[PDB]
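Quick look at structure.txt (compact mmCIF, C-alpha atoms and all ligand atoms):
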```
# COMPACT_ATOMS: atom_id res chain seq x y z
CA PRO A 1 -2.35 -9.16 5.64
CA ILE A 2 -2.66 -7.48 2.24
CA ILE A 3 -6.10 -6.98 0.65
CA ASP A 4 -6.98 -5.91 -2.90
CA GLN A 5 -10.61 -4.75 -2.73
CA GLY A 6 -12.81 -2.68 -0.47
CA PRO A 7 -12.42 0.88 0.80
CA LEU A 8 -8.90 2.27 0.90
CA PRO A 9 -7.18 1.97 4.30
CA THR A 10 -5.80 5.20 5.76
CA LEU A 11 -2.10 5.55 6.56
CA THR A 12 -1.70 7.04 10.05
CA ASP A 13 1.20 9.27 11.09
CA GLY A 14 2.55 6.21 12.87
CA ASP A 15 2.26 4.10 9.72
CA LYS A 16 4.14 6.65 7.64
CA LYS A 17 6.84 7.03 10.29
CA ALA A 18 7.48 3.27 10.38
CA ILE A 19 7.58 3.05 6.58
CA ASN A 20 9.98 5.99 6.36
CA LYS A 21 12.22 4.38 9.00
CA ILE A 22 12.54 1.08 7.13
CA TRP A 23 12.58 2.22 3.49
CA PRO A 24 15.96 4.04 3.29
CA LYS A 25 17.82 0.76 3.91
CA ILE A 26 15.98 -0.91 1.01
CA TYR A 27 16.13 2.08 -1.34
CA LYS A 28 19.92 2.44 -1.01
CA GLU A 29 20.31 -0.99 -2.66
CA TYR A 30 17.27 -0.80 -4.96
CA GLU A 31 18.83 -2.71 -7.87
CA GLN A 32 19.42 -5.97 -5.96
CA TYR A 33 16.35 -5.69 -3.69
CA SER A 34 14.06 -5.06 -6.68
CA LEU A 35 15.56 -8.01 -8.57
CA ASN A 36 15.39 -10.35 -5.55
CA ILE A 37 11.72 -9.55 -5.02
CA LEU A 38 10.71 -10.36 -8.64
CA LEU A 39 12.88 -13.50 -8.76
CA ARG A 40 11.31 -14.74 -5.50
CA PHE A 41 7.86 -14.09 -6.94
CA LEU A 42 8.70 -16.08 -10.09
CA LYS A 43 10.13 -18.95 -8.04
CA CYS A 44 7.06 -19.12 -5.80
CA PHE A 45 4.67 -18.74 -8.74
CA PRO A 46 6.34 -20.07 -11.92
CA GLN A 47 2.96 -19.91 -13.68
CA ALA A 48 3.08 -16.11 -13.33
CA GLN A 49 6.02 -15.84 -15.73
CA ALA A 50 3.55 -16.17 -18.63
CA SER A 51 2.33 -12.68 -17.67
CA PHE A 52 5.60 -11.09 -18.83
CA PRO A 53 5.94 -11.62 -22.62
CA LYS A 54 9.30 -9.81 -22.64
CA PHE A 55 10.89 -12.73 -20.77
CA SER A 56 8.19 -15.43 -20.69
CA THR A 57 10.28 -17.69 -22.97
CA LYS A 58 13.35 -17.26 -20.76
CA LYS A 59 14.53 -20.15 -18.57
CA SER A 60 17.61 -20.14 -16.31
CA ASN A 61 19.92 -17.21 -15.48
CA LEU A 62 16.98 -14.81 -15.10
CA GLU A 63 19.15 -12.68 -12.80
CA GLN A 64 21.22 -11.58 -15.79
CA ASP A 65 18.28 -10.98 -18.13
CA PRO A 66 17.89 -7.23 -18.86
CA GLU A 67 14.10 -7.58 -19.22
CA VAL A 68 13.79 -9.27 -15.81
CA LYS A 69 16.04 -6.71 -14.11
CA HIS A 70 14.20 -3.83 -15.76
CA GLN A 71 10.73 -5.19 -14.96
CA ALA A 72 11.83 -5.52 -11.32
CA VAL A 73 13.11 -1.95 -11.01
CA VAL A 74 10.09 -0.44 -12.75
CA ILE A 75 7.78 -2.03 -10.16
CA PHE A 76 10.11 -1.06 -7.30
CA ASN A 77 10.36 2.55 -8.50
CA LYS A 78 6.57 2.89 -8.58
CA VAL A 79 6.37 1.76 -4.95
CA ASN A 80 9.20 4.21 -4.18
CA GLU A 81 7.19 7.03 -5.83
CA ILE A 82 4.15 6.24 -3.71
CA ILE A 83 6.17 6.11 -0.50
CA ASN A 84 7.68 9.47 -1.50
CA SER A 85 4.19 11.02 -1.62
CA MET A 86 2.22 9.28 1.14
CA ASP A 87 0.93 12.72 2.13
CA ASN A 88 -0.83 13.21 -1.23
CA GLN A 89 -3.70 10.71 -1.38
CA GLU A 90 -5.15 12.28 -4.56
CA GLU A 91 -1.87 11.88 -6.45
CA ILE A 92 -1.59 8.23 -5.43
CA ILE A 93 -5.18 7.55 -6.53
CA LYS A 94 -4.91 9.28 -9.91
CA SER A 95 -1.52 7.72 -10.70
CA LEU A 96 -2.43 4.15 -9.72
CA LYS A 97 -5.89 4.13 -11.32
CA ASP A 98 -4.23 5.03 -14.62
CA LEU A 99 -1.68 2.25 -14.15
CA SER A 100 -4.50 -0.15 -13.30
CA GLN A 101 -6.11 0.53 -16.68
CA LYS A 102 -2.80 -0.06 -18.48
CA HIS A 103 -2.23 -3.45 -16.82
CA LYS A 104 -5.77 -4.49 -17.74
CA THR A 105 -6.09 -3.47 -21.39
CA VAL A 106 -2.48 -2.96 -22.52
CA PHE A 107 -0.37 -5.42 -20.49
CA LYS A 108 -3.33 -7.81 -20.17
CA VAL A 109 -2.29 -8.93 -16.69
CA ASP A 110 -4.64 -10.85 -14.39
CA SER A 111 -5.22 -8.59 -11.37
CA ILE A 112 -5.07 -11.64 -9.08
CA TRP A 113 -1.25 -11.42 -9.16
CA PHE A 114 -0.79 -7.95 -7.60
CA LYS A 115 -1.44 -9.16 -4.04
CA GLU A 116 0.84 -12.17 -4.51
CA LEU A 117 3.82 -10.13 -5.68
CA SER A 118 3.13 -7.56 -2.94
CA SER A 119 3.22 -10.24 -0.22
CA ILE A 120 6.68 -11.31 -1.37
CA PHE A 121 7.70 -7.63 -1.58
CA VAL A 122 6.73 -7.18 2.07
CA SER A 123 8.32 -10.40 3.35
CA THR A 124 11.57 -9.69 1.48
CA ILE A 125 12.06 -6.30 3.17
CA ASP A 126 10.79 -7.77 6.47
CA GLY A 127 8.07 -5.12 6.54
CA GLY A 128 5.28 -5.16 9.09
CA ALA A 129 1.61 -4.23 9.30
CA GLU A 130 2.46 -0.69 8.15
CA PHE A 131 3.76 -1.93 4.79
CA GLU A 132 0.88 -4.38 4.42
CA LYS A 133 -1.45 -1.40 4.74
CA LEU A 134 0.60 0.51 2.15
CA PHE A 135 0.47 -2.41 -0.29
CA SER A 136 -3.25 -2.86 0.36
CA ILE A 137 -3.79 0.70 -0.89
CA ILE A 138 -1.54 -0.05 -3.88
CA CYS A 139 -3.26 -3.36 -4.76
CA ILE A 140 -6.81 -2.06 -4.35
CA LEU A 141 -5.94 0.78 -6.72
CA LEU A 142 -4.11 -1.47 -9.21
CA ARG A 143 -7.20 -3.71 -9.23
CA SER A 144 -9.64 -0.79 -9.61
CA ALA A 145 -9.92 -0.89 -13.43
CA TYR A 146 -10.82 -4.58 -13.36
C1 LIG B 201 3.20 -3.80 -6.55
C2 LIG B 201 2.72 -4.22 -7.82
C3 LIG B 201 3.05 -3.69 -9.09
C4 LIG B 201 3.44 -2.42 -9.43
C5 LIG B 201 3.59 -1.21 -8.52
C6 LIG B 201 3.65 -2.41 -10.89
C7 LIG B 201 4.18 -1.32 -11.59
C8 LIG B 201 4.44 -1.29 -12.97
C9 LIG B 201 4.91 -0.12 -13.71
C10 LIG B 201 5.18 1.28 -13.16
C11 LIG B 201 5.04 -0.50 -15.02
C12 LIG B 201 5.52 0.37 -16.20
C13 LIG B 201 4.38 1.21 -16.79
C14 LIG B 201 4.69 1.77 -18.17
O1 LIG B 201 5.73 1.41 -18.76
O2 LIG B 201 3.88 2.58 -18.67
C15 LIG B 201 4.62 -1.90 -15.08
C16 LIG B 201 4.66 -2.66 -16.26
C17 LIG B 201 4.31 -4.00 -16.34
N1 LIG B 201 3.83 -4.76 -15.27
FE1 LIG B 201 3.36 -4.12 -13.40
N2 LIG B 201 3.34 -3.63 -11.45
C18 LIG B 201 2.99 -4.44 -10.37
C19 LIG B 201 2.68 -5.80 -10.47
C20 LIG B 201 2.66 -6.54 -11.66
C21 LIG B 201 2.41 -7.97 -11.72
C22 LIG B 201 1.99 -8.85 -10.55
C23 LIG B 201 2.57 -8.36 -13.04
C24 LIG B 201 2.44 -9.63 -13.64
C25 LIG B 201 2.01 -10.84 -13.07
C26 LIG B 201 2.90 -7.13 -13.75
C27 LIG B 201 3.21 -7.11 -15.11
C28 LIG B 201 3.65 -6.02 -15.81
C29 LIG B 201 3.96 -6.05 -17.25
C30 LIG B 201 3.77 -7.25 -18.18
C31 LIG B 201 4.36 -4.80 -17.57
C32 LIG B 201 4.76 -4.30 -18.95
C33 LIG B 201 6.27 -4.29 -19.11
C34 LIG B 201 6.71 -3.77 -20.46
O3 LIG B 201 6.07 -4.11 -21.48
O4 LIG B 201 7.70 -3.02 -20.50
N3 LIG B 201 2.94 -6.01 -12.93
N4 LIG B 201 4.20 -2.38 -13.84
```

Translate the structure of the given file into structure tokens.
Ligand code: HEM
Amino acid sequence: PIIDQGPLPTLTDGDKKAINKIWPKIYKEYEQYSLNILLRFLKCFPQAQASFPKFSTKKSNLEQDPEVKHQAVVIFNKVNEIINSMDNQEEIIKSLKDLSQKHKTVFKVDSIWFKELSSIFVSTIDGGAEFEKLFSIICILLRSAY
């Protein structure tokens, strides 16, 4: 499963190979996959919608809301960036620690949600242990500033 605290897991060559085998299929339809993931998260955890002021007052037809679609792709693109540089641990650390600080003080998001959205991200793309490890690294780092 996905964890959000403790030492960072290490992605093996095997892990990276599996991730790189599965990702292209998702990436090629990033708009709809990214949207589906966020919508699923909001359906499973309606109480999490309060964490997105840009669409927190929006009810019904979220799929057509520009703020919802944009929020979804911004999250997806960050994951895409990380996958694109799995060989550079330092870059991933630096980048995500900075983002962690922004979510804490600027976006004022409760770090408890990262793991929940990530779980839905993984199940949506039918990812396996390899992706859970990837998202564990991502969540631990996004939770680091808290
Ligand atoms: C895999 C997990 C996640 C990743 C990789 C991620 C990534 C991002 C990125 C890259 C941005 C844009 C940064 C910027 O504009 O400077 C962002 C913004 C934001 N994220 Fe996250 N995020 C994640 C999970 C969450 C969760 C769980 C919530 C809320 C429950 C959340 C709420 C927000 C909000 C409110 C913004 C600000 C949007 C805006 O004002 O334009 N994020 N996130």

For residue 33 in chain A: contacts at 9 Å, only C-alpha atoms, fewer than 2 positions along chain excluded, given as a PyMOL selection string:
chain A and resi 26-27+29-31+35-38+72-73+76+124-125

Export C-alpha atoms of the chosen residues as a PDB file, in the coordinates of the input?
```pdb
ATOM      1  CA  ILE A  26      15.980  -0.910   1.010  1.00  0.00           C
ATOM      2  CA  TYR A  27      16.130   2.080  -1.340  1.00  0.00           C
ATOM      3  CA  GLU A  29      20.310  -0.990  -2.660  1.00  0.00           C
ATOM      4  CA  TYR A  30      17.270  -0.800  -4.960  1.00  0.00           C
ATOM      5  CA  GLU A  31      18.830  -2.710  -7.870  1.00  0.00           C
ATOM      6  CA  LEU A  35      15.560  -8.010  -8.570  1.00  0.00           C
ATOM      7  CA  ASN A  36      15.390 -10.350  -5.550  1.00  0.00           C
ATOM      8  CA  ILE A  37      11.720  -9.550  -5.020  1.00  0.00           C
ATOM      9  CA  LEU A  38      10.710 -10.360  -8.640  1.00  0.00           C
ATOM     10  CA  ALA A  72      11.830  -5.520 -11.320  1.00  0.00           C
ATOM     11  CA  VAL A  73      13.110  -1.950 -11.010  1.00  0.00           C
ATOM     12  CA  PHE A  76      10.110  -1.060  -7.300  1.00  0.00           C
ATOM     13  CA  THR A 124      11.570  -9.690   1.480  1.00  0.00           C
ATOM     14  CA  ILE A 125      12.060  -6.300   3.170  1.00  0.00           C
TER      15      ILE A 125
END
```

Need the shell around residue 34 in chain A: protein/DNA/RNA residues with any atom at most 12 Å away, counting all atoms listed in the file. Skip same-chain ones fewer than 5 positions apart. Format as a ChimeraX atom specification?
/A:26-29,39-41,63,68-80,117-118,120-122,124-125

With only C-alpha atoms and all ligand atoms counted, collect every polymer residue having an atom within 8 Å of ligand LIG 201 (chain B); state the result as a ChimeraX atom specification.
/A:48-54,67,71,74-79,99,102-103,107-118,121,135,138-139,142

Could you give me, as JSON lines, a per-residue list for range 48-138 of chain A showing, wherever an atom lies at most 8 Å from an atom of range 2-19 of chain A, the closest pair of atoms and their distance in Å to one decimal, using only C-alpha atoms and sorting by chain then residue number from low to high?
```
{"residue": "A:83", "atom": "CA", "partner": "A:19", "partner_atom": "CA", "distance": 7.8}
{"residue": "A:86", "atom": "CA", "partner": "A:16", "partner_atom": "CA", "distance": 7.3}
{"residue": "A:115", "atom": "CA", "partner": "A:4", "partner_atom": "CA", "distance": 6.5}
{"residue": "A:118", "atom": "CA", "partner": "A:2", "partner_atom": "CA", "distance": 7.8}
{"residue": "A:119", "atom": "CA", "partner": "A:2", "partner_atom": "CA", "distance": 6.9}
{"residue": "A:130", "atom": "CA", "partner": "A:15", "partner_atom": "CA", "distance": 5.0}
{"residue": "A:131", "atom": "CA", "partner": "A:19", "partner_atom": "CA", "distance": 6.5}
{"residue": "A:132", "atom": "CA", "partner": "A:2", "partner_atom": "CA", "distance": 5.2}
{"residue": "A:133", "atom": "CA", "partner": "A:9", "partner_atom": "CA", "distance": 6.7}
{"residue": "A:134", "atom": "CA", "partner": "A:11", "partner_atom": "CA", "distance": 7.2}
{"residue": "A:135", "atom": "CA", "partner": "A:2", "partner_atom": "CA", "distance": 6.5}
{"residue": "A:136", "atom": "CA", "partner": "A:3", "partner_atom": "CA", "distance": 5.0}
{"residue": "A:137", "atom": "CA", "partner": "A:8", "partner_atom": "CA", "distance": 5.6}
```

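Among the candidates A:23, A:55, A:106, A:141, the residue lying nearest to residue 89 in chain A is A:141 (atoms considered: all atoms listed in the file).
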
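Note that CA of residue 143 in chain A and CA of residue 46 in chain A are 21.4 Å apart.
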
From CA of residue 93 in chain A to CA of residue 144 in chain A the spacing works out at 9.9 Å

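The interatomic distance for the pair CA of residue 129 in chain A and CA of residue 104 in chain A works out to 28.0 Å.
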